[PDB]
Every structure is written in structure tokens, then in C-alpha cells.
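Student: I'd like to ask you about the structure that follows.
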Amino acid sequence: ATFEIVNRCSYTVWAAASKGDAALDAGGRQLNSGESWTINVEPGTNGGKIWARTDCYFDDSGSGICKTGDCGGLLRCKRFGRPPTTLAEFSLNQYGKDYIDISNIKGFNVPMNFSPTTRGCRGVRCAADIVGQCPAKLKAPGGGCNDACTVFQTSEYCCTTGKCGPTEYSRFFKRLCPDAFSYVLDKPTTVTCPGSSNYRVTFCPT
């Protein structure tokens with residue numbers, strides 16, 4: 001499957017793509033403002049994620065640091081990124097269908113649209129100014145808006161036992177972005193697409 005990753009932000013981002021135990025495609029790349037990078041994701045990929053990283057520095061070997069979404073200091077991510085990270089999430093060719101969503105469960109750094117480029121389903125978007133509106137206690141000094149699990153490490157926010165409810169913090173993310181997951185047990189906003197659809201992830205769509 002192809003994923004065109006487009007940076008419409010006025011700032012550089014370093015795109016990242018992983019399924020948690022491996023890179024997807026090269027795993028990461030710099031995207032200056034306006035640049036597009038197309039990756040190939042193997043059919044059947046379960047639990048893939050794409051995200052933006054901000055304020056990165058990498059040496060000539062591809063080792064370094066980012067302020068949001070850092071994946072073990074690598075340009076080419078093999079693991080998931082450090083919160084806060086707005087997440088484009090997908091599982092492809094799952095009993096003949098693809099499933100896509102956006103999640104704020106690991107916080108929010110950069111606004112995102114995640115849409116099919118082929119027929120048969122809708123896209124999802126979280127484009128509101130979550131960083132600007134972020135509750136004081138969730139603001140990450142390194143940049144972005146943390147989720148409450150990251151900040152407070154409670155069973156309720158982290159849904160450790162599988163029985164949590166919405167919270168004042170989750171409701172903030174949900175108010176700003178109704179079509180993204182705001183906590184683990186949120187009413188799903190997952191879209192079913194035809195198996196083997198292709199996609200575009202756009203940072204700063206609006």
C-alpha cells in the first residue's frame with residue numbers, strides 16, 4: 001500500500017512510520033514545508049502508525065534527538081515515538097478490510113488529516129489548535145499537548161485494567177477533535193476501508 005505523507009505545515013517535520021517492532025519503509029525522513037514523501041507499507045501490516053516529529057537534530061549517521069515523537073534517537077524509526085504525538089493508525093488487510101483512525105491517546109503535537117486516496121471510505125481529521133488550547137497541566141515543556149496518562153500515570157487515565165471512563169482531560173481532546181480517539185475506551189472513530197486501499201497523511205491540513 002502507498003502512503004503519501006505531505007507536510008503542509010509552515011515548519012519542517014520529520015515523518016515517522018513504524019509498527020512498533022520494525023520500521024515501515026525507511027521508517028522516517030525529513031519533510032520541509034510543502035514536501036511530500038511516499039512510502040510503501042506491506043499488505044497485512046497490523047498496528048502501523050505514522051506521526052510527525054518536531055525540532056529534530058540528526059548527525060550524518062542518522063542518530064540524534066527530536067522534541068516530539070523521538071523514536072530512540074533515530075532518523076529512521078524502528079519503534080514508536082515519544083509522546084506527545086498525534087497518531088495516524090492503521091491495520092491493513094484484516095479479514096479483507098483496512099481500518100484507519102487518528103488517536104490523541106498519546107497526546108497531540110501536529111494537526112493531521114488521514115484520508116484514503118482510493119475509493120470506498122472517508123478520511124479522518126484532527127486539525128484543531130490543540131497545542132494552543134492545551135490545558136495548563138497537560139502542556140509539555142518540550143513542546144505539544146500531553147495525554148493525561150503520560151502526565152499522571154494513573155490506572156484511570158492509562159486504562160490499565162480495561163474499565164476506565166472519560167475524564168476532564170480526555171474530554172478536552174474530544175471537544176477539539178471529535179473524530180479522534182481521546183482515551184483508550186472512547187467510542188471508536190475507526191473507519192473501515194476496502195482491503196488494500198492507499199492513503200495520504202497530511203500534516204497541518206488547514
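Chain labels run A, B, ... following the order of the C-alpha cells; each chain numbers its residues from 1, and ligands are numbered from 1 in the order shown.
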Using only C-alpha atoms, determine which residues lie at most 8 Å from range 5-11 of chain A, disregarding the query and same-chain residues fewer than 3 positions distant; provide the list as an MDAnalysis selection string.

Tutor: chainID A and resid 15 31:39 200:205

Student: Name all residues at most 9 Å from residue 83 in chain A (count only C-alpha atoms; drop same-chain ones fewer than 2 positions away) and give them as a list in words.

Tutor: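 Selected residues are residues 68, 69, 70, 81, 85, 86, 106, 107, 108, 109, 144, 145, 146, 147 and 150 of chain A.
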
Student: Measuring atom to atom with only C-alpha atoms, identify which of A:13, A:193, A:26, A:148 is nearest to residue 120 in chain A.

Tutor: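 Closest to residue 120 in chain A, using only C-alpha atoms: A:193.
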
Student: Which residues are near range 27-30 of chain A? Cut-off 7 Å, only C-alpha atoms, ignore same chain within fewer than 2 positions. Put them as a PyMOL selection string.

Tutor: chain A and resi 13-18+23-25+32+75-78

Student: List the neighbours of residue 167 in chain A out to 10 Å using only C-alpha atoms; skip same-chain residues closer than 4 positions along the sequence, and give me the result as a ChimeraX atom specification.

Tutor: /A:148,156-157,171-172,182-183

Student: Save out the residues we just selected, N, CA and C atoms, as a short mmCIF file (atom, residue, chain, number, x, y, z; two decimals), in the first residue's frame.

Tutor:
```
data_model
loop_
_atom_site.label_atom_id
_atom_site.label_comp_id
_atom_site.auth_asym_id
_atom_site.auth_seq_id
_atom_site.Cartn_x
_atom_site.Cartn_y
_atom_site.Cartn_z
N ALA A 148 -3.18 12.65 29.41
CA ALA A 148 -3.18 12.58 30.87
C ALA A 148 -2.48 11.34 31.40
N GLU A 156 -6.75 5.10 35.86
CA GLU A 156 -7.90 5.69 35.19
C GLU A 156 -7.51 6.31 33.84
N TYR A 157 -6.41 7.05 33.79
CA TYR A 157 -6.03 7.69 32.53
C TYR A 157 -5.41 6.71 31.55
N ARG A 171 -11.92 14.65 27.64
CA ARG A 171 -12.98 15.44 27.05
C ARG A 171 -12.45 16.69 26.35
N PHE A 172 -11.32 17.24 26.81
CA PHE A 172 -10.68 18.35 26.10
C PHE A 172 -10.28 17.89 24.67
N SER A 182 -9.82 9.78 22.12
CA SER A 182 -9.39 10.66 23.20
C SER A 182 -8.93 9.91 24.44
N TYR A 183 -9.29 8.63 24.56
CA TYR A 183 -8.86 7.77 25.64
C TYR A 183 -9.05 6.34 25.14
#
```

Student: If DSSP is run on the backbone, what residues of range 78-206 of chain A are strand (DSSP E)? A reply as a ChimeraX atom specification would be ideal.

Tutor: /A:87-94,97-103,112-116,124-126,191-194,199-203

Student: CA of residue 95 in chain A to CA of residue 44 in chain A: how many Å, to one decimal?

Tutor: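 Calculated distance between CA of residue 95 in chain A and CA of residue 44 in chain A is 9.3 Å.
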
Student: May I ask which of the residues A:20, A:162, A:188, A:116 is the closest one to residue 45 in chain A, counting only C-alpha atoms?

Tutor: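 Selected residue with least distance to residue 45 in chain A: A:20.
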
Student: Pull the helix (DSSP H, G or I) assignments for range 63-160 of chain A out of DSSP run on the backbone, and list those residues as a VMD selection string.

Tutor: chain A and resid 130 to 133 136 to 138 148 to 152 155 to 158

Student: May I ask which of the residues A:134, A:159, A:92, A:52 is the closest one to residue 111 in chain A, counting only C-alpha atoms?

Tutor: A:52
